[PDB]
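Everything below concerns the one structure shown next.
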Amino acid sequence: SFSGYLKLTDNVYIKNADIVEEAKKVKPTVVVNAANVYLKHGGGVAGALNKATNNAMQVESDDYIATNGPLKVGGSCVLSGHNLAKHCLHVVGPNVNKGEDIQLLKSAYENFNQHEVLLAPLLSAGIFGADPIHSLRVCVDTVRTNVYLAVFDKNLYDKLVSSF
Ligand SMILES: CC(C)[C@@H](Nc1ncnc2[nH]ccc12)C(N)=O
């Protein structure tokens, strides 16, 4: 049910859209969250997805951390998608503003290969501080399953396409 995407490769598609609005429209099997290790969904993609769930994502996430402890940078966990998707795959890309290793970005994108099709944002981009052009290149060179990327900023979308 994905519509209006530009094909980049055999398996990677892109659209200028808010991932929350795309998830509400499509109700995909898997929506990816740009999470941190504590699953504290304050801003960016995570804060916007959590707000759209009426804070249910945060309540579930707090129970997950109380039981399991924090995720690893480069790691993931599968939780409910609430009203947005069947599942949410919470993936932790490195936060360059905190000195985390950018080489962990490839490990973060490898989590996508466990799912046949995903709606996702660019990992480590936006408020996580990494170069979005680099994040798109690692995505295309790492993910083998079908990924539909939603990029909120129109100016950045146009730059990603024109430099691909
Ligand atoms: C990861 C970033 C490059 C990107 N953020 C996002 N991209 C897609 N849906 C989103 N909802 C809330 C944030 C958000 C951006 N700022 O264009």
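Every chain in the structure tokens has a letter given in the order shown (A, B, ...), and although residue numbers restart at 1 in each chain, ligands are simply numbered from 1 in the order shown.
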
Residues of chain A that approach ligand 1 to 12 Å or less, counting only C-alpha atoms and all ligand atoms: could you list each one with the shortest pair of atoms and its distance in Å to one decimal, rows by chain and increasing residue number, as JSON lines?
{"residue": "A:14", "atom": "CA", "partner": "ligand 1", "partner_atom_place_in_ligand_line": "8 (C)", "distance": 10.6}
{"residue": "A:15", "atom": "CA", "partner": "ligand 1", "partner_atom_place_in_ligand_line": "8 (C)", "distance": 9.2}
{"residue": "A:16", "atom": "CA", "partner": "ligand 1", "partner_atom_place_in_ligand_line": "8 (C)", "distance": 7.8}
{"residue": "A:17", "atom": "CA", "partner": "ligand 1", "partner_atom_place_in_ligand_line": "8 (C)", "distance": 6.1}
{"residue": "A:18", "atom": "CA", "partner": "ligand 1", "partner_atom_place_in_ligand_line": "9 (N)", "distance": 3.7}
{"residue": "A:19", "atom": "CA", "partner": "ligand 1", "partner_atom_place_in_ligand_line": "9 (N)", "distance": 3.9}
{"residue": "A:20", "atom": "CA", "partner": "ligand 1", "partner_atom_place_in_ligand_line": "11 (N)", "distance": 5.9}
{"residue": "A:21", "atom": "CA", "partner": "ligand 1", "partner_atom_place_in_ligand_line": "9 (N)", "distance": 8.2}
{"residue": "A:22", "atom": "CA", "partner": "ligand 1", "partner_atom_place_in_ligand_line": "9 (N)", "distance": 8.5}
{"residue": "A:23", "atom": "CA", "partner": "ligand 1", "partner_atom_place_in_ligand_line": "9 (N)", "distance": 9.9}
{"residue": "A:31", "atom": "CA", "partner": "ligand 1", "partner_atom_place_in_ligand_line": "9 (N)", "distance": 11.1}
{"residue": "A:32", "atom": "CA", "partner": "ligand 1", "partner_atom_place_in_ligand_line": "9 (N)", "distance": 10.4}
{"residue": "A:33", "atom": "CA", "partner": "ligand 1", "partner_atom_place_in_ligand_line": "10 (C)", "distance": 9.6}
{"residue": "A:34", "atom": "CA", "partner": "ligand 1", "partner_atom_place_in_ligand_line": "1 (C)", "distance": 7.8}
{"residue": "A:35", "atom": "CA", "partner": "ligand 1", "partner_atom_place_in_ligand_line": "1 (C)", "distance": 11.1}
{"residue": "A:41", "atom": "CA", "partner": "ligand 1", "partner_atom_place_in_ligand_line": "12 (C)", "distance": 11.3}
{"residue": "A:42", "atom": "CA", "partner": "ligand 1", "partner_atom_place_in_ligand_line": "12 (C)", "distance": 11.0}
{"residue": "A:43", "atom": "CA", "partner": "ligand 1", "partner_atom_place_in_ligand_line": "12 (C)", "distance": 7.8}
{"residue": "A:44", "atom": "CA", "partner": "ligand 1", "partner_atom_place_in_ligand_line": "13 (C)", "distance": 4.3}
{"residue": "A:45", "atom": "CA", "partner": "ligand 1", "partner_atom_place_in_ligand_line": "12 (C)", "distance": 3.7}
{"residue": "A:46", "atom": "CA", "partner": "ligand 1", "partner_atom_place_in_ligand_line": "12 (C)", "distance": 7.1}
{"residue": "A:47", "atom": "CA", "partner": "ligand 1", "partner_atom_place_in_ligand_line": "12 (C)", "distance": 7.5}
{"residue": "A:48", "atom": "CA", "partner": "ligand 1", "partner_atom_place_in_ligand_line": "12 (C)", "distance": 5.3}
{"residue": "A:49", "atom": "CA", "partner": "ligand 1", "partner_atom_place_in_ligand_line": "11 (N)", "distance": 7.3}
{"residue": "A:50", "atom": "CA", "partner": "ligand 1", "partner_atom_place_in_ligand_line": "12 (C)", "distance": 10.3}
{"residue": "A:51", "atom": "CA", "partner": "ligand 1", "partner_atom_place_in_ligand_line": "12 (C)", "distance": 10.5}
{"residue": "A:52", "atom": "CA", "partner": "ligand 1", "partner_atom_place_in_ligand_line": "11 (N)", "distance": 10.5}
{"residue": "A:93", "atom": "CA", "partner": "ligand 1", "partner_atom_place_in_ligand_line": "1 (C)", "distance": 10.8}
{"residue": "A:95", "atom": "CA", "partner": "ligand 1", "partner_atom_place_in_ligand_line": "1 (C)", "distance": 11.8}
{"residue": "A:119", "atom": "CA", "partner": "ligand 1", "partner_atom_place_in_ligand_line": "8 (C)", "distance": 10.2}
{"residue": "A:120", "atom": "CA", "partner": "ligand 1", "partner_atom_place_in_ligand_line": "8 (C)", "distance": 8.0}
{"residue": "A:121", "atom": "CA", "partner": "ligand 1", "partner_atom_place_in_ligand_line": "7 (N)", "distance": 5.4}
{"residue": "A:122", "atom": "CA", "partner": "ligand 1", "partner_atom_place_in_ligand_line": "1 (C)", "distance": 4.9}
{"residue": "A:123", "atom": "CA", "partner": "ligand 1", "partner_atom_place_in_ligand_line": "1 (C)", "distance": 6.3}
{"residue": "A:124", "atom": "CA", "partner": "ligand 1", "partner_atom_place_in_ligand_line": "1 (C)", "distance": 6.9}
{"residue": "A:125", "atom": "CA", "partner": "ligand 1", "partner_atom_place_in_ligand_line": "1 (C)", "distance": 4.5}
{"residue": "A:126", "atom": "CA", "partner": "ligand 1", "partner_atom_place_in_ligand_line": "2 (C)", "distance": 3.8}
{"residue": "A:127", "atom": "CA", "partner": "ligand 1", "partner_atom_place_in_ligand_line": "1 (C)", "distance": 7.2}
{"residue": "A:128", "atom": "CA", "partner": "ligand 1", "partner_atom_place_in_ligand_line": "1 (C)", "distance": 7.9}
{"residue": "A:129", "atom": "CA", "partner": "ligand 1", "partner_atom_place_in_ligand_line": "1 (C)", "distance": 9.3}
{"residue": "A:130", "atom": "CA", "partner": "ligand 1", "partner_atom_place_in_ligand_line": "3 (C)", "distance": 9.1}
{"residue": "A:131", "atom": "CA", "partner": "ligand 1", "partner_atom_place_in_ligand_line": "3 (C)", "distance": 8.8}
{"residue": "A:132", "atom": "CA", "partner": "ligand 1", "partner_atom_place_in_ligand_line": "3 (C)", "distance": 6.1}
{"residue": "A:133", "atom": "CA", "partner": "ligand 1", "partner_atom_place_in_ligand_line": "3 (C)", "distance": 9.4}
{"residue": "A:134", "atom": "CA", "partner": "ligand 1", "partner_atom_place_in_ligand_line": "3 (C)", "distance": 11.1}
{"residue": "A:135", "atom": "CA", "partner": "ligand 1", "partner_atom_place_in_ligand_line": "3 (C)", "distance": 9.0}
{"residue": "A:136", "atom": "CA", "partner": "ligand 1", "partner_atom_place_in_ligand_line": "3 (C)", "distance": 9.7}
{"residue": "A:148", "atom": "CA", "partner": "ligand 1", "partner_atom_place_in_ligand_line": "8 (C)", "distance": 11.1}
{"residue": "A:149", "atom": "CA", "partner": "ligand 1", "partner_atom_place_in_ligand_line": "8 (C)", "distance": 8.1}
{"residue": "A:150", "atom": "CA", "partner": "ligand 1", "partner_atom_place_in_ligand_line": "8 (C)", "distance": 5.0}
{"residue": "A:151", "atom": "CA", "partner": "ligand 1", "partner_atom_place_in_ligand_line": "7 (N)", "distance": 4.1}
{"residue": "A:152", "atom": "CA", "partner": "ligand 1", "partner_atom_place_in_ligand_line": "17 (O)", "distance": 3.7}
{"residue": "A:153", "atom": "CA", "partner": "ligand 1", "partner_atom_place_in_ligand_line": "17 (O)", "distance": 3.9}
{"residue": "A:154", "atom": "CA", "partner": "ligand 1", "partner_atom_place_in_ligand_line": "17 (O)", "distance": 7.4}
{"residue": "A:155", "atom": "CA", "partner": "ligand 1", "partner_atom_place_in_ligand_line": "17 (O)", "distance": 8.6}
{"residue": "A:156", "atom": "CA", "partner": "ligand 1", "partner_atom_place_in_ligand_line": "17 (O)", "distance": 6.5}
{"residue": "A:157", "atom": "CA", "partner": "ligand 1", "partner_atom_place_in_ligand_line": "17 (O)", "distance": 7.4}
{"residue": "A:158", "atom": "CA", "partner": "ligand 1", "partner_atom_place_in_ligand_line": "17 (O)", "distance": 10.8}
{"residue": "A:159", "atom": "CA", "partner": "ligand 1", "partner_atom_place_in_ligand_line": "17 (O)", "distance": 11.2}
{"residue": "A:160", "atom": "CA", "partner": "ligand 1", "partner_atom_place_in_ligand_line": "3 (C)", "distance": 10.1}

Output C-alpha atoms for every residue in the selection just made, as a short mmCIF file (atom, residue, chain, number, x, y, z; two decimals), in the first residue's frame.
data_model
loop_
_atom_site.label_atom_id
_atom_site.label_comp_id
_atom_site.auth_asym_id
_atom_site.auth_seq_id
_atom_site.Cartn_x
_atom_site.Cartn_y
_atom_site.Cartn_z
CA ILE A 14 12.20 7.26 -0.83
CA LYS A 15 9.49 9.90 -0.24
CA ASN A 16 9.28 13.42 1.23
CA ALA A 17 6.88 12.70 4.09
CA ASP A 18 6.50 12.71 7.87
CA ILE A 19 6.95 9.01 8.84
CA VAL A 20 4.07 9.40 11.37
CA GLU A 21 1.65 10.49 8.62
CA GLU A 22 2.90 7.69 6.32
CA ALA A 23 2.38 5.13 9.11
CA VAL A 31 7.61 1.03 11.31
CA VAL A 32 11.24 1.82 12.39
CA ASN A 33 11.84 4.19 15.30
CA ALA A 34 15.09 6.23 15.56
CA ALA A 35 15.51 5.22 19.21
CA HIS A 41 11.16 9.08 23.03
CA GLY A 42 11.53 12.83 23.49
CA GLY A 43 11.98 14.44 20.07
CA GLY A 44 12.67 13.89 16.36
CA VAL A 45 11.17 10.73 14.92
CA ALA A 46 10.85 9.06 18.32
CA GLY A 47 9.04 11.93 20.00
CA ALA A 48 6.69 12.31 17.00
CA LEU A 49 5.83 8.53 16.80
CA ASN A 50 5.30 8.39 20.58
CA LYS A 51 2.99 11.46 20.54
CA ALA A 52 0.90 9.81 17.79
CA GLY A 93 21.97 4.46 15.44
CA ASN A 95 24.58 9.77 18.10
CA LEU A 119 8.75 1.94 6.69
CA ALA A 120 11.85 3.78 8.08
CA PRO A 121 13.62 7.09 8.66
CA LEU A 122 17.31 7.81 7.93
CA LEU A 123 19.22 6.51 10.98
CA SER A 124 21.60 8.81 12.85
CA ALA A 125 20.44 11.81 10.76
CA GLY A 126 18.42 14.78 12.05
CA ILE A 127 18.95 15.41 15.76
CA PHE A 128 21.41 12.46 15.96
CA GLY A 129 23.99 14.59 14.15
CA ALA A 130 25.31 12.40 11.28
CA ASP A 131 25.43 13.41 7.60
CA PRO A 132 22.13 12.25 5.97
CA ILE A 133 23.85 11.66 2.60
CA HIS A 134 26.15 9.19 4.38
CA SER A 135 23.21 7.55 6.18
CA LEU A 136 21.39 6.94 2.85
CA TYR A 148 10.48 2.66 2.22
CA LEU A 149 12.32 5.74 3.53
CA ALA A 150 10.32 8.77 4.67
CA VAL A 151 12.34 12.06 4.82
CA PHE A 152 10.50 14.97 6.47
CA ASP A 153 12.58 17.92 5.24
CA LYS A 154 11.85 18.78 1.55
CA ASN A 155 15.16 20.55 1.01
CA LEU A 156 17.08 17.52 2.35
CA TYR A 157 14.89 15.11 0.27
CA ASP A 158 15.80 17.07 -2.91
CA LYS A 159 19.52 17.02 -2.00
CA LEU A 160 19.44 13.23 -1.28
#

Item checked: Exercise: residue 142 in chain A partners within 7 Å, only C-alpha atoms, chain neighbours under 6 positions left out, as a ChimeraX atom specification -> /A:106,109-110

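Within range 71-150 of chain A, the backbone-based DSSP assignment of strand (DSSP E or B) covers residues 76, 77, 78, 79, 80, 87, 88, 89, 90, 91, 117, 118, 119, 120, 146, 147, 148, 149 and 150 of chain A.
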
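Using only C-alpha atoms, the shortest contact distance between residue 59 in chain A and any of A:25, A:137, A:82, A:87 is found at A:82.
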
Notebook entry, point to check: Among range 10-76 of chain A, which residues carry a DSSP assignment of alpha helix (DSSP H), reported as a PyMOL selection string?
Noted result: chain A and resi 19-26+44-52+56-68

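The nearest approach to residue 111 in chain A among the residues A:9, A:92, A:57, A:97, with only C-alpha atoms taken into account, belongs to A:92.
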
Notebook entry, point to check: Using only C-alpha atoms, which of A:55, A:11, A:67, A:76 sits nearest residue 37 in chain A?
Noted result: A:76

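Taking CA of residue 74 in chain A and CA of residue 107 in chain A as the two end points, the separation is 5.1 Å.
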
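Proximity to residue 146 in chain A was assessed for A:118, A:161, A:6, A:96 counting only C-alpha atoms; the smallest distance is recorded for A:118.
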
Margin query: Ranking A:145, A:58, A:103, A:36 by minimum distance to residue 79 in chain A and counting only C-alpha atoms, which one comes first?
Written below: A:58

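The shortest atom-to-atom distance to residue 138 in chain A, with only C-alpha atoms taken into account, belongs to A:12 out of A:114, A:4, A:69, A:12.
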